Amino acid sequence: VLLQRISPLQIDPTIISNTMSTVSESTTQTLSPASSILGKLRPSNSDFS
Amino acid sequence: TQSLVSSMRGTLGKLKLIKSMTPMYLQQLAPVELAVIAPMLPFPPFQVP
């Protein structure tokens with residue numbers, strides 16, 4: 001909490017969800033490397049704790 | 001992937017060959033129209049090179 005009070009850095013959870021919107025892939029495939037990371041790596045804003 | 005780079009090249013090669021009259025206008029008719037208008041202005045033109 002004491003580092004969180006005076007640290008300038010903050011969260012930005014939407015940057016991965018923004019950058020994974022332009023991954024070229026096909027709808028026909030069953031696997032999805034663009035969408036598997038977003039389920040494996042979900043942000044929840046309680047991640048700096 | 002395949003079939004993204006091809007459509008990208010097609011979009012660029014077509015957007016190069018788009019048929020617009022604006023670059024013709026800006027070199028043939030817009031300077032003579034500015035030369036027509038410019039004496040009849042209440043704030044006459046003030047230019048540095």
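No lab work stands behind these numbers, since they all come straight from the coordinates. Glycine also receives a Cβ, built like all others from the backbone with ideal geometry; neighbour counts cover every protein chain displayed.
Of the set (1) surrounded by 10 or more Cβ atoms within 10 Å (Cβ to Cβ); (2) within 26 Å of A:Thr27 (Cβ to Cβ), all apply to B:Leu34 but (2).
The residues of the stretch A:1-38 that are part of a helix (DSSP H, G or I) and closer than 26 Å to B:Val5 by Cα, listed by number, are A:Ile15, A:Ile16, A:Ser17, A:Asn18, A:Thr19, A:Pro33, A:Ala34, A:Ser35, A:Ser36, A:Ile37, A:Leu38. In a residue-by-residue description of the stretch B:10-22, the property of being within 14 Å of chain A (Cβ to nearest Cβ) and at negative phi applies to no position. Sub-7 Å Cβ pairs linking a first residue in the stretch A:1-16 that is farther than 30 Å from A:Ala34 by Cβ to a second residue that is assigned to a loop (DSSP other than H, G, I, E, B), at least 6 apart or interchain, are A:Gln4/A:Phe48, ordered by first then second residue.
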